[PDB]
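Here is the structure we will look at.
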Amino acid sequence: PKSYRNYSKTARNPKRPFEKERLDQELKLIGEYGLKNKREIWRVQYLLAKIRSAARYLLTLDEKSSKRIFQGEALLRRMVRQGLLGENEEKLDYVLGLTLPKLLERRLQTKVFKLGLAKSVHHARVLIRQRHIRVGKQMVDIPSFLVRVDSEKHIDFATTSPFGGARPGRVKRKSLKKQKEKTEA
Amino acid sequence: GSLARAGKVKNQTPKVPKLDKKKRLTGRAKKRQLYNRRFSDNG
Amino acid sequence: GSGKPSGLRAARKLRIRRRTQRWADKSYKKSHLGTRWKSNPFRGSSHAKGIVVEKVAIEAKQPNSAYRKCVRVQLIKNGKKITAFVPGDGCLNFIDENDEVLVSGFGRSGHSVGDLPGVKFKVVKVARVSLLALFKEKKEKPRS
Amino acid sequence: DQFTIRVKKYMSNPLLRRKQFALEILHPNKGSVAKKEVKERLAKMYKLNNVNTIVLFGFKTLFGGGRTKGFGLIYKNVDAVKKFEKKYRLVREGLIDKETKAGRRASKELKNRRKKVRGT
RNA sequence: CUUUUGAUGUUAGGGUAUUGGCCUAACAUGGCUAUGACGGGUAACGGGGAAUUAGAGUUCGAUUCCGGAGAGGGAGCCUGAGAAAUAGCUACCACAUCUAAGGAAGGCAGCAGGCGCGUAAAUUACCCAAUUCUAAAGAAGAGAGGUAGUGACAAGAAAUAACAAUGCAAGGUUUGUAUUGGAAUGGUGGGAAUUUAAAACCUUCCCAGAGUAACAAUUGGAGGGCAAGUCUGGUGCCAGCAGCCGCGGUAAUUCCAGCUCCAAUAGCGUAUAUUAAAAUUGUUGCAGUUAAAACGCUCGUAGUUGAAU
Ligand SMILES: [Mg+2]
Ligand SMILES: [Mg+2]
Ligand SMILES: [Mg+2]
Ligand SMILES: [Mg+2]
Ligand SMILES: [Mg+2]
Ligand SMILES: [Mg+2]
Ligand SMILES: [Mg+2]
Ligand SMILES: [Mg+2]
Ligand SMILES: [Mg+2]
Ligand SMILES: [Mg+2]
Ligand SMILES: [Mg+2]
Ligand SMILES: [Mg+2]
Ligand SMILES: [Mg+2]
Ligand SMILES: [Mg+2]
Ligand SMILES: [Mg+2]
Ligand SMILES: [Mg+2]
Ligand SMILES: [Mg+2]
Ligand SMILES: [Mg+2]
Ligand SMILES: [Mg+2]
Ligand SMILES: [Mg+2]
Ligand SMILES: [Mg+2]
Ligand SMILES: [Mg+2]
Ligand SMILES: [Mg+2]
Ligand SMILES: [Mg+2]
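Protein chains in written order, with PDB author numbering: chain E, 2 to 186; chain 6, 6 to 48; chain Q, 2 to 145; chain 1, 3 to 122.
In structure tokens:
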């Protein structure tokens with residue numbers, strides 16, 4: 002038989018592919034938050050969009066309808082966890098008011114850029130891919146990673162990086178050292 | 006009529022070969038470059 | 002009044018009229034009549050393989066003035082003779098007078114395309130090499 | 003040598019004669035530890051005079067190094083292990099080996115039995 | 001339309017594991033139908049579902065599960081609790097293999113594999129380790145099943161740099177971009193650790209290990225629709241492009257090139273189908289003086305609709 006390991010599309014395409022304004026917006030987003038394609042943006046939109054849809058559905062139901070209170074509450078909690086809302090704006094009408102910036106902010110690369118670590122967004126991204134960075138014990142080499150506020154404070158260079166204390170341990174620095182040694186002897 | 010003329014114009018045109026270029030940037034880098042060209046310094 | 006019945010128990014009429022009328026829609030008729038499979042060379046398919054019978058010119062529609070290079074081919078599947086326009090600046094000569102051509106639609110289901118009168122088909126492979134590839138030439142060369 | 007083994011969902015089981023557990027090997031920085039050392043450590047932990055009542059398996063080393071999960075099985079005595087461990091695991095451990103080339107030309111041989119009073 | 005040939009019923013039976021025109025006999029003359037019977041078609045197995053939808057819907061559903069059916073085609077049996085079994089049997093038909101010509105056996109819509117058909121689809125692989133079944137039931141078997149192999153069907157993540165100096169640039173000192181040059185790192189190559197039934201991958205560590213980081217991004221476009229050139233040559237109503245409108249008759253922003261740019265990017269085109277776009281099938285929700293469309297007119301059965309209380 003077929004496997005049961007079901008799989009799903011994470012990103013819908015646009016609809017109108019050469020609308021100018023939209024394109025420009027996308028480009029701006031890419032610039033600001035160091036993203037590789039429009040695909041990343043689309044993916045994040047999709048992520049946002051599902052949530053938004055859920056919120057809308059919840060709002061269609063009245064308060065103290067069981068579903069609304071439970072599912073809506075859960076959604077709100079999730080949003081809070083994600084670092085989308087926080088203290089002031091936790092009422093389910095607010096989770097609609099999320100935009101793409103709010104979501105992109107919580108990408109790991111963005112966070113890295115914010116919290117010193119690298120001079121740029123691009124730099125941060127490359128750092129992340131190059132096996133530096135850790136988010137509480139666990140290393141992580143995907144820049145997309147949506148950091149939750151619980152594990153925002155616990156971000157730094159990993160245990161095993163060259164610039165997190167674990168030898169120059171490179172093709173470069175090590176090679177240079179070797180060369181120096183050779184020169185000496 | 007004439008199937009004799011099939012492949013006229015292409016044949017006629019002089020073959021100018023491509024040329025060396027600075028190996029282009031790709032993905033993220035390219036996007037960054039585009040952004041720079043459009044909005045950042047020109048804006 | 003609306004035209005249609007809007008009774009609560011009206012559903013039979015509503016369904017039935019729609020069922021009869023659907024058939025006025027041209028597209029729907031094209032989809033759901035059985036003559037599709039009968040009266041179509043590809044017989045409900047994307048492409049078809051046909052050996053060539055005649056390299057032939059076709060004079061364009063009046064305003065434009067060209068002789069478009071077609072290939073009258075016989076489908077192996079169906080035994081059907083059809084003209085298939087060959088793309089490229091000089092891609093009639095890239096095929097042989099008897100070559101196993103793989104021919105696709107032109108882009109408009111059955112309906113004919115552009116300057117051409119009644120050639121609904123686009124040869125897009127000869128002796129298993131891609132016509133496009135041959136046209137580019139940097140990619141490939143026709144094996145025989 | 004700087005590696006702690008933390009031993010999780012440990013479960014005595016006297017239906018078999020074994021202790022099951024999940025098994026996380028924290029080895030910050032210095033990556034990967036061989037099974038033998040782990041076994042030794044386990045032995046040290048649980049008094050456990052002889053090393054080869056311990057069967058370890060499923061050691062995944064996790065992304066980034068530093069941690070490494072596994073499954074520990076610890077039997078009462080070697081006899082117990084012999085009795086209810088599957089042969090492959092035993093072989094891996096090094097208690098036995100039958101390198102028997104039965105194959106699945108065995109199957110062919112079997113189906114070539116039509117009329118038997120056959121050694122042949 | 002069904003009814004001699006059981007169509008509908010009643011009686012009596014026969015038969016069945018049991019009910020039953022299921023079959024027989026005898027007797028009624030019923031039964032279905034415009035709320036579509038009976039035919040015909042389906043490129044029809046049904047359903048759970050799939051795609052696509054704001055909401056309706058439209059299409060698809062051979063295909064992970066459930067059910068049905070079939071083992072070349074019909075038919076017939078034996079065994080057995082259970083088969084009208086097909087890696088049981090009998091027979092015929094249609095294919096077809098061996099034969100010393102007397103006979104004999106044979107059925108991949110099991111797994112691989114092959115020819116054919118075709119637009120169209122993988123290895124004659126390893127194993128019972130897991131999941132299960134069967135057994136005289138841990139201990140044996142299992143092409144059930146699993147594991148690899150092929151695999152751009154789909155689906156997910158994600159490299160192809162980054163950074164700092166001066167040089168140059170523009171902006172109200174900072175961003176941007178040409179020289180240098182130390183850091184970073186996968187990839188790729190080899191060992192291990194592990195993984196696994198045994199390997200292979202995954203991850204893991206250790207050696208190797210980028211500057212044109214040749215470890216070289218493509219695909220399709222740049223008149224409009226539609227993001228991007230009235231840039232350079234070639235062609236000259238020719239060749240060609242162009243889904244559509246159009247371009248080409250020596251300035252072609254459309255052909256053929258080169259350069260530059262744009263989009264999506266390890267993907268991007270083409271084709272056929274389908275959904276949306278389609279309030280272009282309209283229940284929501286179309287239109288009918290003149291655009292397609294109020295029956296010539298009235299009566300009228302079903303149909304739909306029906307004052308207040
Ligand atoms: Mg490392
Ligand atoms: Mg009778
Ligand atoms: Mg069928
Ligand atoms: Mg089905
Ligand atoms: Mg079929
Ligand atoms: Mg067959
Ligand atoms: Mg049978
Ligand atoms: Mg068989
Ligand atoms: Mg047979
Ligand atoms: Mg097969
Ligand atoms: Mg295929
Ligand atoms: Mg088993
Ligand atoms: Mg199988
Ligand atoms: Mg434009
Ligand atoms: Mg085209
Ligand atoms: Mg010109
Ligand atoms: Mg051009
Ligand atoms: Mg439609
Ligand atoms: Mg609509
Ligand atoms: Mg209309
Ligand atoms: Mg009219
Ligand atoms: Mg009238
Ligand atoms: Mg009436
Ligand atoms: Mg009333």
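Note that CB positions come from ideal geometry on N, CA and C, so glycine has one too.
Would you mind stating whether residue i and residue j have Cβ atoms separated by less than 8 Å?
i: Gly-35 (chain E); j: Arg-130 (chain E); result: no
i: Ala-85 (chain Q); j: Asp-116 (chain Q); result: no
i: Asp-100 (chain Q); j: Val-53 (chain Q); result: yes
i: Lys-173 (chain E); j: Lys-36 (chain 6); result: no
i: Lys-126 (chain Q); j: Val-102 (chain Q); result: yes
i: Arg-149 (chain E); j: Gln-83 (chain E); result: yes
i: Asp-157 (chain E); j: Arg-135 (chain E); result: yes
i: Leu-132 (chain Q); j: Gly-89 (chain Q); result: yes
i: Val-80 (chain 1); j: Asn-54 (chain 1); result: yes
i: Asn-16 (chain 6); j: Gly-80 (chain Q); result: no
i: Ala-56 (chain E); j: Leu-28 (chain E); result: no
i: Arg-69 (chain Q); j: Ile-59 (chain Q); result: yes
i: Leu-109 (chain E); j: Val-141 (chain E); result: yes
i: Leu-17 (chain 1); j: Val-40 (chain 1); result: no
i: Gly-74 (chain 1); j: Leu-25 (chain 1); result: yes
i: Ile-31 (chain E); j: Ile-42 (chain E); result: yes
i: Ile-56 (chain 1); j: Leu-44 (chain 1); result: yes
Tell me the residue span of the alpha helix (DSSP H) that contains residue i.
i: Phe-71 (chain E); result: 67 to 83
i: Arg-43 (chain 1); result: 37 to 47
i: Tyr-90 (chain 1); result: 89 to 95
i: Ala-119 (chain E); result: No alpha helix (DSSP H) contains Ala-119 (chain E), which DSSP labels as neither H nor E.
i: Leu-58 (chain 1); result: No alpha helix (DSSP H) contains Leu-58 (chain 1), which is instead part of the beta strand (DSSP E) from 56 to 62.
i: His-33 (chain Q); result: 27 to 33
i: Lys-138 (chain E); result: Neither: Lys-138 (chain E) is in no alpha helix (DSSP H) and is coded neither H nor E.
i: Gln-46 (chain E); result: 40 to 61
i: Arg-37 (chain Q); result: 36 to 39
i: residue 60 (chain 6); result: Nothing in the structure corresponds to residue 60 (chain 6), since chain 6 is present only between 6 and 48.
i: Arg-174 (chain E); result: 173 to 185
i: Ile-59 (chain Q); result: Run containing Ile-59 (chain Q): none in the alpha helix (DSSP H); it sits in the beta strand (DSSP E), 48 to 60.
On the CB-based measure, 16 or more other CB atoms within 10 Å of its CB, does residue i come out buried or exposed?
i: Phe-95 (chain Q); result: buried
i: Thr-111 (chain E); result: buried
i: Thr-161 (chain E); result: buried
i: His-133 (chain E); result: buried
i: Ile-143 (chain E); result: exposed
i: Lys-183 (chain E); result: exposed
i: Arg-42 (chain 6); result: exposed
i: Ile-17 (chain Q); result: exposed
i: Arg-116 (chain 1); result: exposed
i: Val-96 (chain E); result: buried
i: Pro-42 (chain Q); result: buried
i: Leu-93 (chain Q); result: buried
i: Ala-159 (chain E); result: buried
i: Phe-71 (chain E); result: exposed
i: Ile-83 (chain Q); result: buried
Taking 7 Å as the cut-off, is the beta-carbon of residue i closer than that to any non-hydrogen atom of ligand 1?
i: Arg-44 (chain Q); result: no
Could you give the residue range of the beta strand (DSSP E) that holds residue i?
i: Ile-27 (chain 1); result: 20 to 28
i: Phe-114 (chain E); result: Note, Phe-114 (chain E): premise wrong, no beta strand (DSSP E); alpha helix (DSSP H) at 109 to 115.
i: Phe-122 (chain Q); result: 122 to 127
i: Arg-8 (chain 1); result: 6 to 15
### Task
Return the residues of the segment 23 to 36 of chain 6 that lie within a Cβ-Cβ distance of less than 8 Å from chain Q, sorted by chain order.
none
### Task
Closer than 9 Å, Cβ to Cβ, to anything on chain 1: give me those residues from the segment 131 to 159 of chain E, in chain order.
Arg-132, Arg-135, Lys-138, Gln-139, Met-140, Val-141, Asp-142, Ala-159
### Query
Which residues, taken in chain order from the segment 56 to 76 of chain 1, show a beta carbon closer than 9 Å to some beta carbon of chain E?
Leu-64, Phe-65, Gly-66, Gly-67, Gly-68, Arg-69
### Selection of the segment 57 to 74 of chain Q by Cβ proximity to chain 6, strictly under 9 Å
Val-57, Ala-58, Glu-60, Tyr-68, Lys-70
### Task
Pull out every residue of the segment 16 to 29 of chain E whose Cβ sits closer than 9 Å to any Cβ of chain 6, in chain order.
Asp-25, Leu-28, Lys-29
### Query
When you check each C-beta in the segment 21 to 42 of chain 1 against every C-beta of chain E, which residues fall closer than 7 Å?
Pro-30, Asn-31
### Task
For the segment 97 to 126 of chain E, enumerate the residues whose C-beta is nearer than 8 Å to any C-beta of chain 6, in chain order.
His-123, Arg-126
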